[PDB]
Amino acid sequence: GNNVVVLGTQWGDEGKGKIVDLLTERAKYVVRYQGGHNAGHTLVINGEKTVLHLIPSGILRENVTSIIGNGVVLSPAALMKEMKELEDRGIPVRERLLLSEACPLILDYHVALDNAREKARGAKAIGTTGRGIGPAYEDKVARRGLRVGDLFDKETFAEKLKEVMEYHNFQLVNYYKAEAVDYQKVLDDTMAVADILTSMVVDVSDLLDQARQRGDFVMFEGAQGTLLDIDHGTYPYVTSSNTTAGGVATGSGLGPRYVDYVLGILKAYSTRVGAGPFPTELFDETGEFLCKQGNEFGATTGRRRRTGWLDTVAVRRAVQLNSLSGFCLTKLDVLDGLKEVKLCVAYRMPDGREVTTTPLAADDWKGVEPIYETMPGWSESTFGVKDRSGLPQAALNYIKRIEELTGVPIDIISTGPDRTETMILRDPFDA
């Protein structure tokens, strides 16, 4: 279909960036609809690596107009930093990136608050990325936060900013007993980038409606993953935005009925960065192996990511919440050389019940235990394989089992970081 959504079926870090970059070859637009610079998408072409955070993953393509939709919490500093870096590498960001005037703005005080709140939670800290995502959304929802459209009147913006920072500073100093963020510095740093940022502003929803009517191929790029959803995730150990497919329409302005295909990116095993329930977590040599082999460190914080087995119970919630059309299996090659491989097929509740559904809030995951189906591993190297026939039968089996367990076809398989180490069984734009 024309409008293809690419999102994380687990807890983020499933490999969305690589897949957006890969599939945008025929796209006219790529849209970010939620999150901020907490995301960290890694693209690799001919061995050249690009790590994006706030900038959409279709930026390496001349033919694609990259869009940062209204759902996105925008940090002017993060933007300017990424733009320069990309520009210095020959990518003309200004020329191919558009942005929504509806996007809430992430300023330094948001990082202060984010830092204060995590400190205040002590050992019950969420393990957020320390980018001010949470506080930006709070301000958005309270209806006091600053948006891109406010920068269009530098005079009133200054006034509005003084008010908000006056607000937050009282709390930072008097309640949290932390350093106050200086108004002037924020005003100075922000006014130094306003013209560039305001030049990329576009009416994204109106633009998307027109593209829909023309039949342009559009790609919506998700940040984070399903179980980190603000509503449906393992609350409060979640991100502040709806990472699920409903955030596409709320975060871009495209009508919900215009989603033609939702591709769920599914990593061959599971990972989590930050605190939160995680049934299939592995603390043994296998967990270590998965981390080392999959180079599991957050592209944004460098934090070591918790590893474990693929969880079909959790993934089934993802199928459900997102109305998945197909999956893209990623990092399968990381499983090379394992004697056996395990898929969680059900949960053993603390009361003794065996369930195939997931708890909602973090608390309700307390003593939940994973029930597995152990399958044979494979010694053959799957790395960079571009065709199924190059996959060993054990590997093909693992694939089929995941499909059976979920009822959703694995349409694409990624065998390495590079754009080409991939096999597309079915193209979402053709489906």
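A residue's number is simply how far along the shown sequence it sits, counting from 1.
In this entry, 269 to 277 shows the higher mean Cα temperature factor of the pair 68 to 76 and 269 to 277.
Averaged over CA atoms, B-factors in the entry run higher in 88 to 96 than in the other of 128 to 136 and 88 to 96.
Among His110, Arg303, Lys119, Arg257, the highest C-alpha B-factor in the deposited entry belongs to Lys119.
Annotation for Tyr261, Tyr175, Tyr237, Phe217: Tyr175 ranks highest, by Cα B-factor. Residue-level temperature factors show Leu105 in the lowest third of its chain, judged at the C-alpha atom. When the modelled residues of the chain are ordered by C-alpha B-factor, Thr250 sits in the lowest third. When the modelled residues of the chain are ordered by C-alpha B-factor, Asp411 sits in the middle third.
The entry lists a Cα temperature factor for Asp13 that places it in the lowest third of the chain's modelled residues. Among the modelled residues of its chain, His232 has a C-alpha B-factor that falls in the lowest third, as given in the PDB entry.
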